[PDB]
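Each chain gets a letter, A, B and so on, in the order the sequences are listed, and its residues count up from 1. The figures here come from the full heavy-atom set of this structure, side chains too, leaving out hydrogens, waters and symmetry mates.
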Amino acid sequence: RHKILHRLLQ
Amino acid sequence: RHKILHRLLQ
Amino acid sequence: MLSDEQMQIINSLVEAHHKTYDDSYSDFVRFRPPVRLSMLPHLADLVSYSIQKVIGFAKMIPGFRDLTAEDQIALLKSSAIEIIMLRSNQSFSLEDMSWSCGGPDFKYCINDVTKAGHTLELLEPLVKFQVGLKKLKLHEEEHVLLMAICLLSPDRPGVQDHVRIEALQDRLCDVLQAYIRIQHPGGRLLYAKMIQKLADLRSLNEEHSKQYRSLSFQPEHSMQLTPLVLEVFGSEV
Amino acid sequence: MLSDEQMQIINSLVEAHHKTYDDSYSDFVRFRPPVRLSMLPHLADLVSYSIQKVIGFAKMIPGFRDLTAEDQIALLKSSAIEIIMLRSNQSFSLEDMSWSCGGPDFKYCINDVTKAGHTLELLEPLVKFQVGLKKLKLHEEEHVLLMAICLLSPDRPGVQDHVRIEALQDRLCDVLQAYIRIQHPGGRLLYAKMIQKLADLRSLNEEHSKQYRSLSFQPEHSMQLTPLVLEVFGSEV
Ligand SMILES: C=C1/C(=C\C=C2/CCC[C@]3(C)[C@@H]([C@H](C)CCCC(C)(C)N)CC[C@@H]23)C[C@@H](O)C[C@@H]1O
Ligand SMILES: C=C1/C(=C\C=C2/CCC[C@]3(C)[C@@H]([C@H](C)CCCC(C)(C)N)CC[C@@H]23)C[C@@H](O)C[C@@H]1O
């Protein structure tokens, strides 16, 4: 869940 | 699940 | 006058914004081109790219990085469409009543946004919001402070550390209020005006979530969105 | 000679294919433009558009519509990348060793595909496959029969009505084999050659699923895919 958001946020 | 595939297939 | 801590905050926010908003708009050529729901592909890419930029901006806000990843996601999911509306004021022109991003291909009038599935119930208040915000003639400092304040609102669904974030947003509001007193001639009523625009953004957020629900419930349309848009504007917790 | 039932099947398949493959390639301008992982956005759109086309083709195969929606999804998820590889042979050129889609912007050489995250472990067998398939000099009828046969393979993970689909694919294989005997001069060894290419596609499918796994496990890359690509190439049941 929130796969992309967790990346990106480093 | 397979939301787009079910549409499209009508 | 302002203190060094407050001065460093303004500097950090301005730099963060210059690092994440490209006045040349040269990346827009990479989006699916606009068509005049013909505009959905291009605006979906536009918004998708803008969300990445807002994440980059948020990560450079003092203290945002020190929140839990859940709080960071919480804040970003609630506020992303609001920061996009705020940051877009920089391309908005009172003359054309459109957003002008460095070329007639990327000049978005309201009717372009109609062809991405939105109605005047959103576009009317949106454009009046841009007009009023443009009239405030905000300093760059004030503009970026408002985005950080909007982002760091503790009153969002999902936020865990309500106390910590309210402290952060308190600090920024103090900075803004002091900045408007010392550096903005005739700014006596500006802070209240800016706080009201924050309230206006809540209602625009609400109307947008409404219209996003209708689109995303039709797979033939939601399939044109990007994965990042689906994640951020989606309803997962 | 062939019967009327078999003749109607060939007609239906050819028409379905003409309805879903645009030799003008004019839609390609709507994809995110190519860049020379710079090519991932453009090829993701290309493949996304191609999957919609394959769905449209499948829905016009005699009897495919009469399968359960689960079987239709089952077949499409396993076979989509194979039909794309088959149908792409129509843009493939032996001279350039590339796929040429009506313009140098949309001429895909192997190195373009390297810049979408694939390695020679896939592109080498892929291009040899295209070369060999191009050398078979298939009739349009034979080309579309092979795609339908590939689509209607009962030996796919997830298929429920194994018996019904095997019957369908049996009918098509009979049609193809009869067609190659009567209408294709010197076709004595063609059917076996075509069946071998089906086996080649299984191994290309396998290598592709491998490399898709690696990409989709990195969100900064998978975020460039489309929702339809994520659904079809994804692992949900
Ligand atoms: C994005 C910015 C800019 C222009 C924003 C505008 C213009 C078009 C319509 C926009 C996108 C509004 C739409 C209702 C949002 C459409 C969302 C979707 C996925 C399509 N359903 C919200 C902001 C509006 C350009 C520049 O300043 C960058 C800056 O981030
Ligand atoms: C799509 C067709 C065509 C060209 C297909 C080619 C060319 C480029 C590389 C392609 C896409 C190969 C790649 C390994 C697949 C990349 C998938 C992804 C999402 C990027 N990871 C599989 C077919 C290859 C053009 C035309 O005939 C239409 C027809 O459907």
Side-chain angles (χ1 to χ4, degrees), chain A residues 2 5, chain C residues 13 17 43 46-47 50-51 53-55 57-58 61 63-64 67 70-92 99 110 113 116-136 138 142-177 180 189-216 229-237:
Chain A
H2 299 125
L5 266 175
Chain C
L13 291 181
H17 176 57
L43 294 182
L46 170 64
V47 176
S50 292
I51 291 170
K53 295 310 214 31
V54 167
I55 294 170
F57 178 75
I61 294 180
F64 181 86
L67 302 177
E70 291 75 358
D71 276 348
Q72 302 178 27
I73 289 169
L75 293 182
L76 277 166
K77 288 196 74 190
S78 292
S79 77
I81 185 74
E82 291 179 26
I83 313 305
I84 287 166
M85 285 171 182
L86 278 171
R87 82 199 303 274
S88 88
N89 192 239
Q90 180 163 355
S91 66
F92 192 87
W99 293 262
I110 159 182
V113 190
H118 291 287
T119 77
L120 280 337
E121 214 155 5
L122 176 64
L123 301 177
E124 161 204 340
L126 183 48
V127 175
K128 156 140 192 185
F129 170 84
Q130 303 290 329
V131 171
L133 179 63
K134 201 80 188 176
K135 284 177 179 184
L136 300 190
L138 297 184
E142 292 154 357
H143 183 71
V144 300
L145 276 163
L146 184 58
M147 296 192 281
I149 288 170
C150 177
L151 173 76
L152 284 174
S153 305
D155 54 328
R156 305 283 197 182
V159 164
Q160 220 90 44
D161 198 343
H162 203 109
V163 175
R164 182 178 229 187
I165 292 147
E166 193 190 61
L168 292 177
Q169 193 199 42
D170 277 353
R171 219 185 311 271
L172 299 171
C173 284
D174 286 343
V175 173
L176 176 59
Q177 188 159 352
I180 293 189
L189 295 88
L190 186 56
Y191 180 71
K193 282 167 183 167
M194 292 175 67
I195 284 301
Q196 174 72 277
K197 292 288 166 174
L198 287 183
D200 296 3
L201 285 163
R202 296 304 179 106
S203 281
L204 297 165
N205 188 336
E206 192 80 18
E207 185 59 38
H208 169 267
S209 275
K210 206 163 155 166
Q211 303 193 4
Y212 180 82
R213 219 178 311 276
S214 306
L215 186 123
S216 77
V229 164
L230 294 163
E231 195 171 294
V232 172
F233 294 167
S235 317
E236 328 275 317
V237 286

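- No side-chain heavy atom of C:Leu145 sits under 4.5 Å from any side-chain heavy atom of C:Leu138.
- With a 4.5 Å cut-off on side-chain heavy atoms, C:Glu207 and C:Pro125 do not count as touching.
- The heavy-atom pair separating C:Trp99 from C:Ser91 by the smallest distance is CD1-OG, 3.4 Å.
- Using a 4.5 Å heavy-atom threshold, the side chains of C:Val175 and C:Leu13 count as separate.
- Between the CZ atom of C:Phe92 and the CG atom of C:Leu133 there is a distance of 9.5 Å, given to the nearest 0.5 Å.
- Residues forming a ring-ring contact (aromatic ring centres under 6.0 Å, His included) with C:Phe233 (at least two apart in sequence, or on another chain): C:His208, C:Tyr212.
- Atom CD of C:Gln169 sits about 10.5 Å away from atom CG of C:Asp174, to the nearest 0.5 Å.
- C:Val113 has its side chain out of reach of C:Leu122: every pair of non-hydrogen atoms, C-beta onward, lies at least 4.5 Å apart.
- Atom CG of residue C:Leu168 and atom CG of residue C:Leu67 lie 6.0 Å apart, to the nearest 0.5 angstrom.
- Heavy-atom minimum distance, C:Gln211 versus C:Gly117: OE1-O, 4.3 Å.
- When all heavy atoms of C:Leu215 and C:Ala116 are compared, the closest pair comes out as CD1-O, 3.9 Å.
- Judged purely by atom type and a 3.5 angstrom limit, C:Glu231 uses its side chain to pair as donor or acceptor with the backbone of A:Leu5.
- Taking both residues in full, the closest heavy atoms of C:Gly158 and C:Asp71 are given as O-OD1, 4.3 Å, listed atom of the first, atom of the second, then distance.
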List the steps, then state whether side chain to side chain contact (heavy atoms under 4.5 Å, CB included) holds for C:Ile110 with C:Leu120. CA-CA 9 Å; C:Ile110 159 182; C:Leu120 280 337; 3.5 Å; yes
Tell me which donor-acceptor pairs under 3.5 Å the side chains of residues 192-204 of chain C have, and how far apart each pair is, sequence neighbours excluded?
| from | atom 1 | to | atom 2 | distance (Å) |
| --- | --- | --- | --- | --- |
| C:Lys197 | NZ | C:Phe129 | O | 3.4 |
| C:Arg202 | NH1 | C:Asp155 | O | 3.2 |
| C:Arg202 | NH1 | C:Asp155 | OD2 | 3.3 |
| C:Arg202 | NH2 | C:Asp155 | OD1 | 2.8 |
| C:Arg202 | NH2 | C:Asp155 | OD2 | 3.0 |

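- The number of heavy atoms from other shown groups lying within 6.0 Å of NZ (C:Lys128) does not exceed 12.
- Here the shortest heavy-atom pairing between C:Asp161 and C:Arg164 reads OD1-N, 3.1 Å.
- When all heavy atoms of C:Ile165 and C:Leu152 are compared, the closest pair comes out as CG2-O, 3.2 Å.
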Do any side-chain atoms of residues 76-86 of chain C form donor-acceptor pairs under 3.5 angstrom with protein atoms, and if so which ones, sequence neighbours left out?
| from | atom 1 | to | atom 2 | distance (Å) |
| --- | --- | --- | --- | --- |
| C:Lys77 | NZ | A:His2 | NE2 | 3.4 |
| C:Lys77 | NZ | C:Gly234 | O | 2.7 |
| C:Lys77 | NZ | C:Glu236 | O | 2.7 |
| C:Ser79 | OG | C:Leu75 | O | 2.9 |
| C:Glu82 | OE1 | C:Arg156 | NH2 | 2.9 |
| C:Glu82 | OE2 | C:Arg156 | NH1 | 2.8 |
| C:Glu82 | OE2 | C:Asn205 | ND2 | 2.9 |

